[PDB]
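One structure is given here, and the rest of the page talks about it.
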Amino acid sequence: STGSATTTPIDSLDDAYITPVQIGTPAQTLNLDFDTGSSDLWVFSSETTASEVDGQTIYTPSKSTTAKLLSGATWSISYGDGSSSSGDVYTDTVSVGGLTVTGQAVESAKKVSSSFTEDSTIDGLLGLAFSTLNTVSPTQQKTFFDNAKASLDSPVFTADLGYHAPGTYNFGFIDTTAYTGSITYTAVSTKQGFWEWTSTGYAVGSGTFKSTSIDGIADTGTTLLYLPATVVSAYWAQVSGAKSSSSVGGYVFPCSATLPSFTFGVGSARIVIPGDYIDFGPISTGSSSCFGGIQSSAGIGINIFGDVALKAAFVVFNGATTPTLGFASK
């Protein structure tokens, strides 16, 4: 089997992407944030504290003939950005782009933090990291991909995120029309539960490539590119007037600037992030200070190849017995 679904930016900045997911019988379609940095499929629901729902579409398990309470199971998750959610668990039928999993754990939120409430466009998350990170207790549950894997034509999924435009998540096949040149594959460590890999270096604009190992994660659920402070300083030094602002929370730059590209290495291959991908717009409405899309990972504890990086590539998440990651230009 295979699946193919379009993923759509939630706003004009590509802060996140939503993908429609069918849950239950008859189908209830919710727009979920596919997150290769976490491993829980959770949804706003009829159980979510009413004051914490503001415009989201909810899953109502009592209206699904295939929903079953997973007795005694609870979940609770905290994300890198400080947001969180928790609740109980149902199993139900879940379909993405025509690919169906029966008995998928659907984690129903009883509580969500303010950032979730305040974002009316995201109805929940669909985790695509390794199932070892799943938070369900006392019996850990499998991700949608882990459950689908054996049925897929090939044990892979691909992320093809758009810049200010829709893109695609495919399951079970590699669309050879969706990228240019070849796909370069690189080793993955699953030791921390992430799609963790080592970039071979970087360049700023038309500058020379610096060969240096940068360990980080491929994370579709993180907006920006978070890299070591040395790398990030070298980038922003090429933008007149750019500075790190503790009050704003990172590097800002004059909105009048033209940003240089940023290149990262994948083995001997190179992925180029155009400068415009690094512009996250005014820090507040009407400001002439703009927020940068490359930020320091210092104090995160890990480097993160988030959407800024991934949307410059066609990315293969290869879930073979020994997982790997592939990157192609597009």
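The count begins at 1 with the first shown residue.
For all residues, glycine too, the Cβ spot is worked out from N, Cα and C.
Residues annotated as domain 'Peptidase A1' in Swiss-Prot: 17-328.
Secondary structure at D35 (active site), taken from DSSP and collapsed to helix, strand or coil, is strand. For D35 (active site), the same-chain residues that are 6 or more apart in sequence and have a Cβ closer than 8 Å to its Cβ are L125, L126, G127, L128, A129, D219, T220, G221. Summarising the annotation, Swiss-Prot assigns active site to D35 (among others).
According to Swiss-Prot, the active site annotation covers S199 (among others). In this structure, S199 (active site) is part of a beta strand by DSSP.
Taken residue by residue with DSSP, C290 (disulfide bond) is part of a strand. Applying an 8 A CB threshold to same-chain residues 6+ apart, the list for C290 (disulfide bond) reads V252, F253, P254, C255, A257, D279, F280, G281, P282, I283. What Swiss-Prot lists as disulfide bond is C255-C290.
Counting every protein chain shown, 15 other Cβ atoms lie within 10 Å of the Cβ of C255 (disulfide bond).
Under 8 Å, Cβ to Cβ, and six or more positions away along its own chain, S199 (active site) finds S213, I214, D215, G216, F264, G265, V266, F305.
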